[PDB]
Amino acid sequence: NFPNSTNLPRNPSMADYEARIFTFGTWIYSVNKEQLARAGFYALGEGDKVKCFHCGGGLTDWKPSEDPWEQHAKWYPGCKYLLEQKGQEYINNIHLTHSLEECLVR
C-alpha cells in the first residue's frame, strides 16, 4: 500500500514510454494519455485509473483542470521518477501552490 521512494522502479516492465502508452488504448477521459505516459503513468483499464511505474502511486477521476505531473507531485512527492524528471525546484512550486490554493478559498 505504501509508495516506493527508492531510486529503483516498482514496475520496471512499465519503465519505457512505449510500454506505458500501449496500456491506454483508445482513451476517452478528459486528460491526455501521452501527457500521462510522459509523467510516468500507465493505465489499469478500470475507468481512468492510472499507476506510476516507479512509485506505484495511483490516481483516478481526472478533472480537465488536473495535470498529470501536478497530481504526481501532490499525492506522491517521494517519487524518484518525479524528482529525476522535474526536480525539487519545480516540485516545491506545486506544493506551495497547492497549500496556498486552499488558504484563499476558505
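One-based numbering along the sequence shown. The term rigid core refers to the most C-alpha atoms you can superpose between the two forms while keeping them within 1.5 Å.
Would you say which of 87 to 95 and 10 to 18 moves more relative to the shown form in 6 other deposited structures of this protein, going by RMS C-alpha distance with the core superposed? After superposing on the rigid core, the more displaced stretch in 6 other deposited structures of this protein is 87 to 95.
Farther-lying stretch by C-alpha RMS in 6 other deposited structures of this protein, rigid core as reference, of 41 to 49 and 63 to 71: The more displaced stretch in 6 other deposited structures of this protein turns out to be 63 to 71.
Once you work out the mean C-alpha B-factor for both 65 to 73 and 43 to 51 from the entry, which is higher? The stretch with the larger mean CA B-factor is 43 to 51.
Check the entry's C-alpha temperature factors for 93 to 101 and 6 to 14, then say which stretch has the higher mean. Averaged over C-alpha atoms, the B-factors run higher in 93 to 101.
Chain-relative CA temperature factor third for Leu59: As the PDB entry reports it, the C-alpha B-factor of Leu59 lands in the middle third of its chain.
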